[PDB]
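A, B, ... follow the sequence lines: proteins, then strands. Residue 1 opens every chain.
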Amino acid sequence: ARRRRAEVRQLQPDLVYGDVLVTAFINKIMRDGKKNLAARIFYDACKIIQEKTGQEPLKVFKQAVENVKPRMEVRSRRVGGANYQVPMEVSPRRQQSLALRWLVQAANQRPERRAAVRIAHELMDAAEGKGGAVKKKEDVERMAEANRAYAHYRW
Amino acid sequence: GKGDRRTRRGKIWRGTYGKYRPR
Amino acid sequence: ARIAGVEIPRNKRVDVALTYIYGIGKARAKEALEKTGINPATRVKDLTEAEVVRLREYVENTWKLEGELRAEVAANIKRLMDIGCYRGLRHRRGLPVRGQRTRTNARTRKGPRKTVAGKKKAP
RNA sequence: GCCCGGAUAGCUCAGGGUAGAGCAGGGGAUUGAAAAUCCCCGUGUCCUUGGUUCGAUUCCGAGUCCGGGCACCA
RNA sequence: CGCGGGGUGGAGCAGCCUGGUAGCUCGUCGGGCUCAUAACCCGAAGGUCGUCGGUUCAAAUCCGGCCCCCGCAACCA
RNA sequence: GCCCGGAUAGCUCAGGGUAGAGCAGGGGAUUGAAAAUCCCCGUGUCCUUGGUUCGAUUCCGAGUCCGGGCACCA
RNA sequence: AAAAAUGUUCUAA
RNA sequence: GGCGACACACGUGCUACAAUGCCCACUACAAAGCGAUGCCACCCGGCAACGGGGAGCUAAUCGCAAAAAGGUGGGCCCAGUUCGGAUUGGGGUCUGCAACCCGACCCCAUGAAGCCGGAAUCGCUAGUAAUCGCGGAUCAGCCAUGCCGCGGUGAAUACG
Ligand SMILES: [K+]
Ligand SMILES: [Mg+2]
Ligand SMILES: [Mg+2]
Ligand SMILES: [Mg+2]
Ligand SMILES: [Mg+2]
Ligand SMILES: [Mg+2]
Ligand SMILES: [Mg+2]
Ligand SMILES: [Mg+2]
Ligand SMILES: [Mg+2]
Ligand SMILES: [Mg+2]
Ligand SMILES: [Mg+2]
Ligand SMILES: [Mg+2]
Ligand SMILES: [Mg+2]
Ligand SMILES: [Mg+2]
Ligand SMILES: [Mg+2]
Ligand SMILES: [Mg+2]
Ligand SMILES: [Mg+2]
Ligand SMILES: [Mg+2]
Ligand SMILES: [Mg+2]
Ligand SMILES: [Mg+2]
Ligand SMILES: [Mg+2]
Ligand SMILES: [Mg+2]
Ligand SMILES: [Mg+2]
Ligand SMILES: [Mg+2]
Ligand SMILES: [Mg+2]
Ligand SMILES: [Mg+2]
Ligand SMILES: [Mg+2]
Ligand SMILES: [Mg+2]
Ligand SMILES: [Mg+2]
Ligand SMILES: [Mg+2]
Ligand SMILES: [Mg+2]
Ligand SMILES: [Mg+2]
Ligand SMILES: [Mg+2]
Ligand SMILES: [Mg+2]
Ligand SMILES: [Mg+2]
Ligand SMILES: [Mg+2]
Ligand SMILES: [Mg+2]
Ligand SMILES: [Mg+2]
Ligand SMILES: [Mg+2]
Ligand SMILES: [Mg+2]
Ligand SMILES: [Mg+2]
């Protein structure tokens, strides 16, 4: 935005866990406005996660989210007229967004037929340091460690 | 799909009725 | 090679398998089964040899199928081409037959595009 | 004929306890792009056979092929 | 009928040596960017290899005749 | 004199079933009108004559008019 | 502290 | 008769390439509009389009009307398929003096391309985008997937 910052739409905590981080993740599964379907998927995957390795789902979800937040990423610059890959630290809001986005994106990569299973399994791998969204987060952090020479082109 | 007239979904699309969408 | 001359694929339900016969859509698959007392859900793999011939006999005798249907379809196109009616000229030159415009698409009937050069501008 | 060597991923080249690195190629990040750049990824009987050793790229033999060099030519 | 070299997409050049595989740059055509053009970017098409004849399972490639086109030579007086 | 090579529309030139083009000019589209661009049009007994052929502007021969060159001698 | 050329004739209402 | 042509080229859209999907059955919740050779309840014939009967309403009363996605139950199991619905054969329906060129719909059969799209490129900052359906004007009918409206479900993101 040009004139003022953008203010963050505070979401409504979900009804099963009362958690805001959960609804943002539900909103990322949602397509074409079908929220109820997109809620069953996260919840069907949730019950799965209490079966496959009996653990409280809320903890397995946040452990995947916490292990997908990238602390750094490259951005573009301009100085002189040359555009490099400038490393810059990630704001907490954007870390959250990239995680949930990459989680679903990583989830829908998998070769499983039913949705909630793909959701359950990526959350399972990511909360243990494996899977699609974790390859991506590390990949992003590794590219930024590479271009630390251009860290002085930070703003 | 909506283009498949021989379905209860395609008949809704053309707004018509038939064996594949009766009333 | 079971019914008619096509092997309808096993592992599928019998109603969908029969559709793999030229001349039988889903609705005709619904008939033959019901008119012969074979559960439309039965997998082809799991039909009696008594049920094979009972399904086969009706199917092959009620309506004309595979080759004959193609020969009678071919005979009617051929007939329209022979008399020279407007539909007959369409099937000849290979253009659509049912009122569709040809300035743009008609690609299913015309085939891949044959790009030509166009008229030019002035510099 | 003799001495000296090599063969190792597609090209190049490094190497008794690993099978390596660069460039070519794959997408991805980048710009307006050509790139440079950044990233990850693959590509081997290490020429063949015996033998050594607990093991084999190595060490040995032996042949295959291609490198160098030497001498010769009735 | 002195001796050489050459003829292959539209232009200019590989491929011939060693028979089986037609290739490179530009050009040409369709799209894109631009207000528009050029440049640039993404696609595509076009050559039965001068010709006749021979060898061969198979000839642009090998052999013989003809056509065409450049180059050299023509000394002793 | 003696070979080779050019004669096709008003111009200049391509090229076995009387034939192209560009140009010149006219008309149309385009334009505010033009230029350019696109379209259409008229355009030739294809230099005479003989032969081959069902058929010749194409393949052969000659006649015409032009063009590229060969010639003391020591 | 700058990648990147060009815009037919007459007319400017 | 042509405006509907068709070696081609571009724009705007519809439908999709599937499993967050498709299919059948059951079952919920809209809004704004229209309606007297008009809208048509319900009834029988018909697989159906429709046809014949036939009430109500000059319409907050009667009708278009079922809203759809959704919720439930069940079927498909990764296939060019129970994805997709082009193309074509045959058989009908209806409006109309008349459907050859050139109508819309229905039913049997046929079941193409398409496995998410090169260079390039568009919209949207919130009840917005996306997706779901509904109505009206024109109108005999209709090539409406267009337009003008209507609500249903309902995000992501803005450091700068
Ligand atoms: K002399
Ligand atoms: Mg279907
Ligand atoms: Mg069939
Ligand atoms: Mg038409
Ligand atoms: Mg040539
Ligand atoms: Mg050439
Ligand atoms: Mg050579
Ligand atoms: Mg060769
Ligand atoms: Mg080539
Ligand atoms: Mg072009
Ligand atoms: Mg302007
Ligand atoms: Mg241009
Ligand atoms: Mg090519
Ligand atoms: Mg020759
Ligand atoms: Mg050859
Ligand atoms: Mg001398
Ligand atoms: Mg004389
Ligand atoms: Mg002349
Ligand atoms: Mg004029
Ligand atoms: Mg003559
Ligand atoms: Mg004379
Ligand atoms: Mg004279
Ligand atoms: Mg004279
Ligand atoms: Mg200039
Ligand atoms: Mg003037
Ligand atoms: Mg196109
Ligand atoms: Mg449309
Ligand atoms: Mg389009
Ligand atoms: Mg209605
Ligand atoms: Mg198919
Ligand atoms: Mg295919
Ligand atoms: Mg199908
Ligand atoms: Mg028909
Ligand atoms: Mg009609
Ligand atoms: Mg698939
Ligand atoms: Mg896309
Ligand atoms: Mg705004
Ligand atoms: Mg949809
Ligand atoms: Mg109407
Ligand atoms: Mg139509
Ligand atoms: Mg509508």
Checking A:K28 now: which residues fulfil side chain to side chain contact (heavy atoms under 4.5 Å, CB included) with it, not counting sequence neighbours? A:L100, A:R101, A:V104
Does C:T102 place a side-chain N or O at less than 4.0 Å from the phosphate oxygens OP1/OP2 of H:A5? yes
Would you tell me if any nitrogen or oxygen in the side chain of C:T115 comes within less than 4.0 Å of OP1 or OP2 on E:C29? no
Sequence neighbours excluded, the answer for side chain to side chain contact (heavy atoms under 4.5 Å, CB included) partners of A:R93 is A:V8, A:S91, A:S97
Side chain of A:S76 only, please: which of H:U15, D:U31, H:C100 is the nearest? D:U31
Protein-nucleotides 47-49 of chain H N/O pairs under 3.5 Å:
| unit_1 | atom_1 | unit_2 | atom_2 | d |
| --- | --- | --- | --- | --- |
| H:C47 | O2 | B:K19 | NZ | 3.1 |

So which protein N/O to nucleotides 69-74 of chain H N/O distances come out below 3.5 Å?
| unit_1 | atom_1 | unit_2 | atom_2 | d |
| --- | --- | --- | --- | --- |
| H:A69 | OP1 | B:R8 | NH1 | 3.0 |
| H:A69 | OP1 | B:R9 | NH2 | 2.9 |
| H:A69 | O3' | A:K34 | NZ | 3.4 |
| H:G70 | OP1 | A:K34 | NZ | 2.8 |
| H:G71 | OP1 | A:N36 | ND2 | 3.1 |
| H:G71 | OP1 | A:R40 | NE | 3.4 |
| H:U72 | OP2 | A:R40 | NH2 | 2.6 |

Protein-nucleotides 34-36 of chain E N/O pairs closer than 3.5 Å?
none

C:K110, nearest nucleotide to its side chain (from H:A7, H:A109, H:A156): H:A7
Do nucleotides 114-121 of chain H as a string where each nucleotide becomes B, S or -: B if the base has a protein heavy atom under 4.0 Å, S if just the sugar-phosphate does, - if no protein is that close. --------
Within the sub-3.5 Å range, which N or O atoms of nucleotides 85-88 of chain H have a protein N or O partner, and how far apart are they?
| unit_1 | atom_1 | unit_2 | atom_2 | d |
| --- | --- | --- | --- | --- |
| H:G85 | OP1 | B:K2 | N | 3.3 |
| H:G85 | OP1 | B:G3 | N | 2.9 |
| H:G85 | OP2 | B:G1 | N | 3.0 |
| H:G85 | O5' | B:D4 | N | 3.4 |
| H:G85 | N7 | B:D4 | OD2 | 3.2 |
| H:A86 | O2' | C:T108 | OG1 | 3.1 |
| H:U87 | OP1 | C:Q100 | NE2 | 3.1 |
| H:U88 | OP1 | C:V97 | N | 2.5 |
| H:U88 | OP2 | C:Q100 | NE2 | 2.7 |
| H:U88 | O3' | C:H91 | NE2 | 3.0 |

Qualifying residues under salt bridge (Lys or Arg N to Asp or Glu O under 4.0 Å), relative to C:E72, sequence neighbours excluded: C:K64
A:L11: partners by side chain to side chain contact (heavy atoms under 4.5 Å, CB included), with sequence neighbours left out: A:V20, A:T23, A:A24, A:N27
Starting at atom NZ of C:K120, determine the distance to atom P of E:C29, rounded to an integer number of angstrom. 9 Å
Nearest to side-chain heavy atoms of B:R6, which nucleotide of H:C8, H:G111, F:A36: H:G111
Just compare D:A29, E:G30, D:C38 and give me whichever is closest to any side-chain atom of A:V74. D:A29
OP1, OP2 of E:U37 versus side-chain N and O of C:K121: anything below 4.0 Å? no
Quick check on H:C76: is either OP1 or OP2 less than 4.0 Å from any side-chain nitrogen or oxygen of A:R113? no
Syn or anti for H:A79, please, going by whether the chi angle lies within 90° of 0. syn
A:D125: partners by side chain to side chain contact (heavy atoms under 4.5 Å, CB included), with sequence neighbours left out: A:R110, A:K130
For the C1' atoms, the ones on H:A49 and on H:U93, what distance do you get once it is rounded to whole angstrom? 5 Å
C:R92: partners by salt bridge (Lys or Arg N to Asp or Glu O under 4.0 Å), with sequence neighbours left out: none
Using only side-chain N and O atoms of A:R9, determine if any of them is under 4.0 Å from OP1 or OP2 of H:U128. no
Report the nucleotide, chosen from H:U157, H:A158, H:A130, that has the shortest atom-to-atom distance to any side-chain atom of A:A1. H:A158
Sequence neighbours excluded, every pair satisfying side chain to side chain donor-acceptor pair (under 3.5 Å) that has a member inside residues 94-114 of chain C: C:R101-C:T104
Looking at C1'-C2'-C3'-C4', which way does the sugar of E:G20 lean, north or south? south
